[PDB]
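Trainee: any chance you could fold what I've pasted below:
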Amino acid sequence: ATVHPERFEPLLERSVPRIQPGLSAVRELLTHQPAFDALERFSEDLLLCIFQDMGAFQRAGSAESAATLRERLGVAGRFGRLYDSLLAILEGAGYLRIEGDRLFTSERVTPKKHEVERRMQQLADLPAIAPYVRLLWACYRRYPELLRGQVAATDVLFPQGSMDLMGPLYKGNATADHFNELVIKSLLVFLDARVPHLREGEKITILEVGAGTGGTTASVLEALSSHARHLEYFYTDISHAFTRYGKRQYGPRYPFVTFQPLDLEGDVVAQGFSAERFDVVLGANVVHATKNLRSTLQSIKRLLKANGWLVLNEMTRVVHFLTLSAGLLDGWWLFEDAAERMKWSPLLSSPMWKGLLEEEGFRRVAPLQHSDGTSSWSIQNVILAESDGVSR
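Mentor: Numbers count the residues shown, from 1 in each chain. Coordinates below:
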């Protein structure tokens, strides 16, 4: 075990209240819950429609073998577990009764084709959910191909290589922007606390993991750019291509950024990153894409200074929207530690992230609060955690 020296005092406890959104912001986010509830129900209905388009579950009172059907529909081997999850979504919606391998269509099963297309248009008229509706509809149109593995998921989710569908998901809609802003706020609160105590020429070093094509990184770098003189920011991704394209896009305007590949599942020092180099590690919707979460967290602890922060932006409920979309991608199914995750997912709820990060030796672990009486936002959260400086 490696124990880093403590080079500055713990600062997370007194920072959490400066980041925690107030009631008015929380209420404003919660105005979007009826739309996201309707998105969930729509996903159920859309899913029934996808099976019907493939010649399954067209009528109430019919029985199938799950195992036989999978084979008959042509589901790709790498989608076995997605397929089981899709059956349970139908079961939870009241469309299937499931008894072991036996599937029975219920009375709620009717022809969904026309209904779902009308519902799609209605839900597309709600801005907070519109880009999610758009993405599900694009997947819907090609779903039988997707599920049979006859077309790559990235060709549908990134049409003609573009960000036309994914881009609007990650930013420019209310819920994504709320959380994007909470990450930025966290970083600026950190900087405000530390900058005053820096020695001459000393810098604060932030690592972003899984920066991808940098969609959310753009606004981070702009918010940070006034601290440029005491900041180094590492833009990293498993993909060397993605880091190169990020350098092209952002390097000229933000000379404080270093662009370097990083695979946290490998040996971080072998990859050119030293122990206790980083004041902050940021992971925006990517740290869950790993085979072993505990191990990935320990590598983060190796990279972080003692009392350095991990800042996560994570989806914290296995919503049907994600299962249907993100569930088609390898990163969703990479996990080899199912008992640490929510079922049929790589995701953790806020309480699960809190307990796990504590077990791995973070302190002051703070999933931010988004509750107003009996209502609360559980679909997504920003989670802050302070490293104790111990790494296996």
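
Trainee: CA only for contacts and neighbour counts going forward, please
Mentor: Noted.

Trainee: how many residues are close by residue 9?
Mentor: 10 (other Cα atoms under 10 Å).

Trainee: SS state for it?
Mentor: coil (DSSP: H, G, I helix; E, B strand; the rest coil).

Trainee: now it, nearest residue through space, not along the chain?
Mentor: Here the nearest residue to residue 9 in space, its sequence neighbours aside, is residue 307; by Cα to Cα, 6 or more residues apart in numbering that works out to 7.0 Å.

Trainee: just the helices in the stretch 51-200 of the chain please.
Mentor: Counting by DSSP state H, counting those that start in this stretch, the stretch 51-200 of the chain has helices at residues 66-73, 80-92, 113-124, 130-147, 153-157, 167-170, 174-194.

Trainee: residue 2 is nearest to which of the ones you listed?
Mentor: Nearest to residue 2, of all the helices of the stretch 51-200 of the chain, is helix 174-194, at 24.3 Å by Cα to Cα.

Trainee: wait, residue 265 touches residue 296, no?
Mentor: Yes. Counting by Cα atoms under 8 Å, residue 265 sits close enough to residue 296 to count as a contact (6.2 Å).

Trainee: just say which of the helices of the stretch 51-200 of the chain is most tucked in.
Mentor: helix 130-147 (a mean of 20; mean count of other Cα atoms under 10 Å).

Trainee: give me the common contacts of residue 265 and residue 296.
Mentor: Contact criterion Cα atoms under 8 Å, 6 or more residues apart in numbering; residues shared by residue 265 and residue 296: residue 290.

Trainee: can you give me the end-to-end distance of stretch 268-283?
Mentor: End-to-end distance for stretch 268-283, by Cα to Cα, to the nearest Å: 16 Å.

Trainee: hang on, the earlier thing: confirm that the residue nearest to residue 9 sits in a helix.
Mentor: No. Residue 307 sits outside any helix when classified using three-state DSSP, being strand.

Trainee: residue 385 is in contact with that one, correct?
Mentor: No. At 9.1 Å, residue 307 does not count as touching residue 385 under the criterion of Cα under 8 Å.

Trainee: the stretch 251-392 of the chain: helices as residue ranges?
Mentor: Using DSSP H, counting those that start in this stretch, helices in the stretch 251-392 of the chain cover 293-303, 320-324, 350-359.

Trainee: among the ones you listed, which comes closest to residue 28?
Mentor: Each of the helices of the stretch 251-392 of the chain has some distance to residue 28 by Cα to Cα; the shortest is helix 350-359, at 20.3 Å.

Trainee: how far is the closest one from where the chain is centred?
Mentor: Relative to its chain's centre, helix 350-359 lies at 16 Å (Cα atoms, centre = their mean, to the nearest Å).

Trainee: ditto for stretch 302-312
Mentor: 20 Å.

Trainee: could you do stretch 207-214 as well?
Mentor: On Cα atoms, centre = their mean, the centre of stretch 207-214 falls 13 Å from the chain's centre.

Trainee: mind listing what's buried in that stretch?
Mentor: 207-214 (16 or more other Cα atoms under 10 Å).

Trainee: rebuild these as a markdown table, extending it with secondary structure.
Mentor: Formatted as a markdown table, these follow (three-state DSSP):
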| residue | secondary structure |
| --- | --- |
| 207 | strand |
| 208 | strand |
| 209 | strand |
| 210 | coil |
| 211 | coil |
| 212 | coil |
| 213 | coil |
| 214 | coil |
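
Trainee: that older thread, give me whichever of the helices of the stretch 251-392 of the chain is most buried.
Mentor: Burial of those is given as mean neighbour count (mean count of other Cα under 10 Å); helix 293-303 ranks first at a mean of 22.

Trainee: alpha carbons only: can I get that one in PDB?
Mentor: Output in PDB follows, covering the C-alpha atoms of helix 293-303 (Å, rounded to 0.1, in the frame of the first residue of the first chain):
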ATOM      1  CA  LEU A 293     -14.700  -0.600 -10.000                       C
ATOM      2  CA  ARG A 294     -12.700  -1.000  -6.800                       C
ATOM      3  CA  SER A 295      -9.600  -1.500  -8.700                       C
ATOM      4  CA  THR A 296     -10.300   1.600 -10.900                       C
ATOM      5  CA  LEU A 297     -10.900   3.600  -7.800                       C
ATOM      6  CA  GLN A 298      -7.600   2.500  -6.300                       C
ATOM      7  CA  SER A 299      -5.800   3.600  -9.400                       C
ATOM      8  CA  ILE A 300      -7.500   7.000  -9.100                       C
ATOM      9  CA  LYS A 301      -6.200   7.100  -5.500                       C
ATOM     10  CA  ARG A 302      -2.700   6.500  -6.700                       C
ATOM     11  CA  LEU A 303      -2.900   9.400  -9.100                       C
END
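
Trainee: okay, now the domains of this protein?
Mentor: 2-29+174-391, 33-127+129-170 (automatic domain parsing).

Trainee: which of the helices or strands spans the residue nearest to residue 250 when sequence neighbours are not counted?
Mentor: Spatially, and ignoring its direct neighbours in sequence, residue 250 is nearest to residue 218 (7.6 Å; Cα to Cα, 6+ apart). In this assignment (DSSP states H and E), residue 218 forms part of helix 217-224.

Trainee: tell me the buried residues in that helix?
Mentor: Neighbour count says helix 217-224 has 217, 220-221, 224 buried, by 16+ other Cα under 10 Å.

Trainee: kindly indicate which of those residues lies nearest residue 40.
Mentor: Distances from residue 40 to the buried residues of helix 217-224, taken by Cα to Cα, are shortest for residue 217, at 28.4 Å.

Trainee: so that closest one touches residue 211, yeah?
Mentor: Yes. Using Cα under 8 Å, residue 217 is in contact with residue 211, at 6.8 Å.
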